[PDB]
Structures are given as C-alpha cells and as structure tokens.
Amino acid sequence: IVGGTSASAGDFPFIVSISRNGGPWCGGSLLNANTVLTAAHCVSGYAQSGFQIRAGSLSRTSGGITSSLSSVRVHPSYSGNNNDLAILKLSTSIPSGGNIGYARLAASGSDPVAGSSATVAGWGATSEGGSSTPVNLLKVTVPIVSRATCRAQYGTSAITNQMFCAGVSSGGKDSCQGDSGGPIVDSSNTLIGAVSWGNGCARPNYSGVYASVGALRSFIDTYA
C-alpha cells in the first residue's frame, strides 16, 4: 500500500494475509469458515503447499488463526490479467467472532461508480519497487476511475468489464506488490474487488486495476 495509513483493529474483519515459502506474498478475503477469495495470479500454477493463510490479526506474522490449503480453484477462464480470481479452501476452519468476520460481497451485476470512494488494504510495498513490507496492515482510500479513463491509460483491450480501476490522477495512492488478492471495499465496507494488477504503483495516469466481485459473482457463489 502506497500513500496509506495504519489500519485499526477490526477495520477489515475478513482480511487475510497469504504468505508463500514463509515470506510475504498476497492478501485475501475470508468468505466463510473454510474459504478465502484471492487473486488467481497469487496461486495459479504454484505449489499449493507453499501457502499459509492468517486471519484475525493486523500482523501478517503473528496472532490470529492460521491455515494451510486443502484446494485451489482458479477462475476457469482466468486469462492473462483477466478473471483474476481464485477460491482457496482451508484445512483449518476459521470461525467468526472477535476480530474475525466474513466478507459482504457486492451485488451481482454491480460495477463500482466512477468517482466513488474505495478503500484498499494490505501488506505490500509502500512504494513501487520498494523492498520493505509492512508487518502491520495498511490501508488507503482512492476514488473509482471510469473504465473509459482506464482504457485511455491502458488500452481498450487491456481493460475488461471483469476489471475496474481506482486511483488518483496525480498518483501517490495505490495498492502495490504484495497487496494482490487483498480487499478493495466501498464506503460501506462491501467487498467490491480484489487487488489484481497495474503499470507500477501509484503512477499518475496509471490506475490500479481490480478484479470485479460484481462481475464474477457466478464464479464466487458457486464455489464459496
């Protein structure tokens, strides 16, 4: 997270940190006791054994409840940067209560409205190319970018309706490497997306790009 602030206890009760090979890697959203929503590019093709989930902590290293993975279901038509979602099943159930809770998903058919305020959280880099990764969770608030504008930035082909964009035209607030898979929420704390991709981080004129929960509810509701 670039241009962000420290998250408070309880801000995102459903957020999970995903480590790989004991090192930081991605974030995710707890859908229910045995199910995590992340980015496909977090898990696709990699040894499943490498992954650990941690819930109910501001720290990616300590506290809360941990689980290994029993299974990985990548979106059947995950393709390049598109349909960048995966459902993870947990060997250890993660019950709700305390600072643990489950994500409220964006309505099927919904698409975040340009100009509306979104909040993204994670444990990734605090600048593009940065080598520090926070131990404690950060968050940042950014406006939704019109798909038309995002198409201008990236090309029409690059941006589908299974993606949306968020960021600030003068740059300096974004998700970054190590944030992928983690939650982007609306002003009501509804899960609208997962951190997916971008040209660098927080660049003026290159929005952060998110996998759209509203577009991909079929996939999610099936396997959740």
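For every residue, the number given is its place in the sequence shown, counted from 1.
Sort the chain's modelled residues by C-alpha temperature factor and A40 lands in the lowest third, per the entry. When the modelled residues of the chain are ordered by their C-alpha B factor, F12 lands in the middle third. Per-chain ranking of the deposited C-alpha B factor places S6 in the lowest third.
Among the modelled residues of its chain, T126 has a C-alpha B-factor that falls in the lowest third, as given in the PDB entry. In the deposited entry, the Cα temperature factor of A118 sits in the top third of values across the chain's modelled residues.
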